[PDB]
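Novice: This is the structure, below, for whatever I ask next.
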Amino acid sequence: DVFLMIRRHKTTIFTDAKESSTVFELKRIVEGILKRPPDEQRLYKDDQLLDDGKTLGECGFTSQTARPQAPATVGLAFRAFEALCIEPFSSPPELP
Amino acid sequence: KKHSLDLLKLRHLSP
Amino acid sequence: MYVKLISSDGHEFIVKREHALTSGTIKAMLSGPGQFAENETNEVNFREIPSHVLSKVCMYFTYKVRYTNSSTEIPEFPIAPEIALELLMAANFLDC
Amino acid sequence: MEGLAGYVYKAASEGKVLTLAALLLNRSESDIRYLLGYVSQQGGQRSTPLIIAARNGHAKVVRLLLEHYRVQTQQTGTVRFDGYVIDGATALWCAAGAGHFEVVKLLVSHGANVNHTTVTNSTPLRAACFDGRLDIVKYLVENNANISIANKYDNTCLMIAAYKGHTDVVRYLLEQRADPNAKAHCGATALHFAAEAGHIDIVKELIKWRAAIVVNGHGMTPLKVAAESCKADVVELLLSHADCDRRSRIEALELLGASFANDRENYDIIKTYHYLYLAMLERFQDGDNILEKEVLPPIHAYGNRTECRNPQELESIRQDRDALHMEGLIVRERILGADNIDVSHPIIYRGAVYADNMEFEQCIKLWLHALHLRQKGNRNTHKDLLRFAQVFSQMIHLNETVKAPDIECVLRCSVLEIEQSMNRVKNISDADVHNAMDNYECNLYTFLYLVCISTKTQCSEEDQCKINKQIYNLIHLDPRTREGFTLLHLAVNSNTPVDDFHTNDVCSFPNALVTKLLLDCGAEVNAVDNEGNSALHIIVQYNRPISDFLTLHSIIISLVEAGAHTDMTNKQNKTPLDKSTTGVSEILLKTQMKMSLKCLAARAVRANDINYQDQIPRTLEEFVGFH
Amino acid sequence: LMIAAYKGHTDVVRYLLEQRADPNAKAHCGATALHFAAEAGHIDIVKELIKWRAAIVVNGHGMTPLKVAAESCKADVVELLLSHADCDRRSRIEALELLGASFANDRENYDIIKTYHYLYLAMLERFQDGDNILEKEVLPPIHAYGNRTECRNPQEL
């Protein structure tokens, strides 16, 4: 019951993953909406390459880290892979 | 004849 | 199935349909002459409100769908000082 | 100084000479005159130090004050401590009211104030007549003082002397050739006050001087006034004025017999029939120019009686007690009309007797008629509504059914009388605004008691709809007590006062049925008091969360489902979670909190003290106001 | 003091405690004053002894004065004993559960809505935090009470 966030340079996906699960389920559910094959997409998380389907915990996100209050940023890289060119959001105005 | 109404330390409650 | 939440800066914020329909005017925009009965985009346009407030709104969507009956101690939703008073008007406009 | 002014007040209180002399010397000329010419605030009522000397009969201490100084009696002070305590009176005014002749004549000899005019333009002779000492009254008029000083409501000194039992003052006043035909604000010309307290000697004194008979504003002759107060001794005296006629003679006996039927002090059922039979015998005595009774149409409140037009039907009700009381009530209504002040008080007494005898429905009819009559006269009837609440709670506590139309009628009367109470509070600025405010709070409490009694009765659909309509009408005039409490706050508050009579058994606040009724009728669930507490801020503070958890649970459910913010803050910025002061009330509220992003963002804006003025919608600037 | 607490005579017991009498008086069955006071539902007497700090001690039958009060459907003395400034969660929830239990089957005090509401209050106060949670130590099912296995969740309650 952990909430993950997958961010391209413009688009953004919010997904849910069971604790007793692997990376395969999230790869399938991000393939289904983005119509991209799993081999093309890479979970380029925190400037670190990841694996395909071994374990959720070793990738970098846990139940406590990826809370729905502020889920961790998991970038997505496609083949031409691409760099981590995720454009940040607009800067909030400076409060007085 | 209403079993419920038929229902209802004695040496300790003496003064 | 998935609602394509665009912002003023052009950032897509694709969230689930059930997560998006917790808002009021998101349901209002998805209804009307905006059904788009092929459940692939369901694009809703926000030409006026920035992208960071959309990010916070989507995290709140996941928060509200998750934390709706989980015991009584509901965790703390983090609001930065510099982004508030903009998330407030955004939540008012969204009936969120 | 104020500290030294208390020193000379204590010395003059004991009537000591050597103590005051040492405490009023060895200073400048300016401060000594201020010491003897300024009032002292003792017991919440300001008073001149010369007042406490004359009130205790200490003429010695004040005689040397006049000798050694130039102290005057023109100092503004209170009148008297017997329930008036209004200021404006002079120091000489209380000298006559203290019953001390020796202190009056010394103050007259040095700066007499026999012609003092206060806000009530009451001369010192007014208190002299109230005290009832002949020596003070005789001496004051000899000091060139007018005896024709009429007040704003024309309070002649002979009127207060006739009302009181001091027959020595009134006989001296008429010996000075005073006007006996003095009109009052209500038209009570002397004899109305005289023939009200049963003073047989006082009334005869004005009879010799031919005070005459004139009808006052309420349509009551002095003979009728005497018969209303169950004073048969002065009624017989007023029947020999040599101008009485037959029309005004039998009706005096009818009024006297009616008044004796229903009174607290003078309750004689044997005198009721005797005066009524004598009046009927005097009516039907000749057979020519007969004076038949002008029979009013029957009234459902007094049973189904149609007066007594024959001596035979008056005889058949001799031994039947409750018919005689009902018969006396109807003829009392006919004689005095439907606008008299005391036409409904015997109805209240008979209803109280019936309630003490557990005869309830007839009591409700009589009291409803009395309430209707008093509301026609447009008077304060908060005591009547409290009495309705008391009797209804007594019937409920005695396991007796309550008539829903009677509840609806008394609720309508309560709503209308609260409207007139709001008008009275708005109209009056500082005349009797405290009494108006207290009556308004009592009226709101009585309405709540009636609503509780309505909730604890079974009613039909139409009767329930009419009760809800009355509650709707009172809700949509926005009633508020002193501390901003709306009608919902008091029904939710545990500190709402409940009357010490049988209302304590049935009217318990908080009540889940009253609050659910108010929210169904459309009470402003988010309304705030003067302190900012909403209806939810007052239920969380409830100090009995486990004894009557049914009440506490079934009202937080009602308040939240009605649309109350479970997050909004008071003037001290305290969420009801922070103002929960209870483990149970916190858990019930957190279960019911439906969260919103608008609330979290507004809470974050308020917590960070972000300047939100001219940055948010106007409809939202209120939302940040309480979040 | 015990027979004063058992009876409704609060003047006698308040005069007795005004004389600096022993509040921790052990009996044959272990019932120490408050056990008799919170058995007849005398709220004022229990307040009088808590003012003199009569203390809470388990009697012979394994029942605190709070559990004695909750056993006899007397909710007000349960309320007063739940504010002893040393009460603990486990005792508070077991007292609320016992009160809800007692309201279900009694001749004088039979309210099934109070049964559900007090059971739900104890269950909500059980599962209020999610951390250091107090799950029910449910007994094995008994054939006499059907085949129910208590209510370990607020959903089944």
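Novice: Tell me the residue from D:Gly77, D:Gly43, D:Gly15 that is more than 25 Å from D:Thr123 (Cα to Cα) and touching a helix residue (DSSP H, G or I) at 6+ places or on another chain (Cβ under 6 Å), please.
Specialist: The unique qualifying residue is D:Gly15.
Novice: Kindly indicate whether any position in segment A:40-59 is hydrophobic (A, V, I, L, M, F, W, C), facing chain C (nearest Cβ under 9 Å) and surrounded by fewer than 18 Cβ atoms within 10 Å (Cβ to Cβ).
Specialist: no
Novice: Okay, next question. Test D:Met395 against the criterion of being assigned to a loop (DSSP other than H, G, I, E, B) and farther than 24 Å from D:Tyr472 by Cα, and give yes or no.
Specialist: Taking the combined requirement at face value, the residue does not satisfy it.
Novice: Right, something else. What number goes with the only condition from (1) within 14 Å of another protein chain (Cβ to nearest Cβ); (2) over 21 Å from D:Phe549 (Cα atoms) that E:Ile93 does not pass?
Specialist: Unmet condition: (2).
Novice: If I ask for residues that are part of a helix (DSSP H, G or I) and within 22 Å of the chain's Cα centre (by Cα), which ones from segment E:122-155 would you list? Even if it seems obvious, please write down each step before you answer.
Specialist: Of all residues in segment E:122-155, those part of a helix (DSSP H, G or I) come to E:122-126, E:143-145.
The answer is E:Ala122, E:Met123, E:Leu124, E:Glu125, E:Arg126.
Novice: Take segment E:14-26 and flag every residue that is among the aromatic types (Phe, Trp, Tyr) and within 14 Å of chain B (Cβ to nearest Cβ).
Specialist: Selection gives nothing.
Every residue, every condition in (1) buried (at least 18 other Cβ atoms within 10 Å of the Cβ); (2) more than 10 Å from every other protein chain (Cβ to nearest Cβ), yes or no:
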position	(1), (2)
C:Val3	yes, yes
C:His11	yes, no
C:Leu30	yes, yes
C:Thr41	no, yes
C:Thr62	yes, no
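Novice: Only residues in segment C:76-90 that are more than 7 Å from chain D (Cβ to nearest Cβ) count as the first member; pair them with residues that are assigned to a loop (DSSP other than H, G, I, E, B), Cβ under 6 angstrom, at least 6 apart or cross-chain, and list the lot.
Specialist: Listed by first residue and then by second, the contacts come to C:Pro78/A:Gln69; C:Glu82/A:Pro92; C:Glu82/A:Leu95; C:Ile83/A:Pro92; C:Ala90/C:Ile49.
Novice: Could you tell me how many of the residues in segment C:21-42 are assigned to a loop (DSSP other than H, G, I, E, B) and either among the aromatic types (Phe, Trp, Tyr) or over 12 Å from the mean Cα position of the chain (by Cα) (or both)?
Specialist: Of the residues in segment C:21-42, 12 are assigned to a loop (DSSP other than H, G, I, E, B) and either among the aromatic types (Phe, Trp, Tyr) or over 12 Å from the mean Cα position of the chain (by Cα) (or both).
Novice: D:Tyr277 - would you say it is crowded, with 17+ Cβ neighbours inside 10 Å and either among the hydroxyl-bearing types (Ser, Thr, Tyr) or at positive phi (or both)?
Specialist: yes
Novice: Could you please let me know if D:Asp609 is surrounded by fewer than 18 Cβ atoms within 10 Å (Cβ to Cβ) and at positive phi?
Specialist: Yes: the conditions hold for D:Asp609.
Novice: Filter segment E:27-36 down to the residues that are in a loop (DSSP other than H, G, I, E, B) and within 13 Å of another protein chain (Cβ to nearest Cβ), then identify the one that is surrounded by the most Cβ atoms within 10 Å (Cβ to Cβ). Talk me through it step by step, then tell me what you get.
Specialist: Within segment E:27-36, the subset in a loop (DSSP other than H, G, I, E, B) is E:27-33.
Those still in the list that are within 13 Å of another protein chain (Cβ to nearest Cβ) too: E:27-31.
Numbers: E:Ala27: 14, E:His28: 8, E:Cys29: 13, E:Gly30: 14, E:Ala31: 25.
Among those that are in a loop (DSSP other than H, G, I, E, B) and within 13 Å of another protein chain (Cβ to nearest Cβ), it is E:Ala31.
Novice: Let me ask you something else. Sort out which residues of segment D:246-260 are in contact with a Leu (Cβ under 6 Å, 6 or more places away or on another chain) and under 13 Å from D:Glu327 (Cα atoms), and write them in order of number.
Specialist: Of everything in segment D:246-260, just one residue is in contact with a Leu (Cβ under 6 Å, 6 or more places away or on another chain) and under 13 Å from D:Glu327 (Cα atoms), namely D:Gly257.
Novice: Find the residue count for segment A:1-60, including only residues that are in a loop (DSSP other than H, G, I, E, B), hydrophobic (A, V, I, L, M, F, W, C) and closer than 19 Å to A:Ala83 by Cβ.
Specialist: As a first pass, look at segment A:1-60 and keep what is in a loop (DSSP other than H, G, I, E, B): A:1, A:8-11, A:18-22, A:35-41, A:46-47, A:49-56, A:60.
From the residues that got through so far, the ones that are hydrophobic (A, V, I, L, M, F, W, C) too are A:49-50, A:56.
If we keep only those that are closer than 19 Å to A:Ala83 by Cβ as well, we get A:49-50.
Final tally of qualifying residues: 2.
Novice: Contact list please: Cβ distance under 8 Å, first residue in segment D:91-105 and farther than 12 Å from D:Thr123 by Cβ, second residue assigned to a helix (DSSP H, G or I) and basic (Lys, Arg), pairs at least six apart or on different chains.
Specialist: Close Cβ pairs satisfying both conditions: D:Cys94/D:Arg55; D:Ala98/D:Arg55.
Novice: When segment C:64-75 is examined, which residues are found to be over 16 Å from the mean Cα position of the chain (by Cα), at negative phi and within 7 Å of another protein chain (Cβ to nearest Cβ)?
Specialist: C:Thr72, C:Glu73, C:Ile74, C:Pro75
Novice: Separate question: Contact list please: Cβ distance under 8 Å, first residue in segment A:51-71 and farther than 21 Å from A:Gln41 by Cβ, second residue of a type in the set (S, T, N, Q), pairs at least six apart or on different chains.
Specialist: Listed pairs, sorted by first residue: A:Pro68/C:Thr62.
The numbers here are math on the coordinates, done by the rules we state, and not lab data. Every residue, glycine among them, receives a Cβ derived from its backbone with ideal geometry; neighbour counts consider all protein chains shown.
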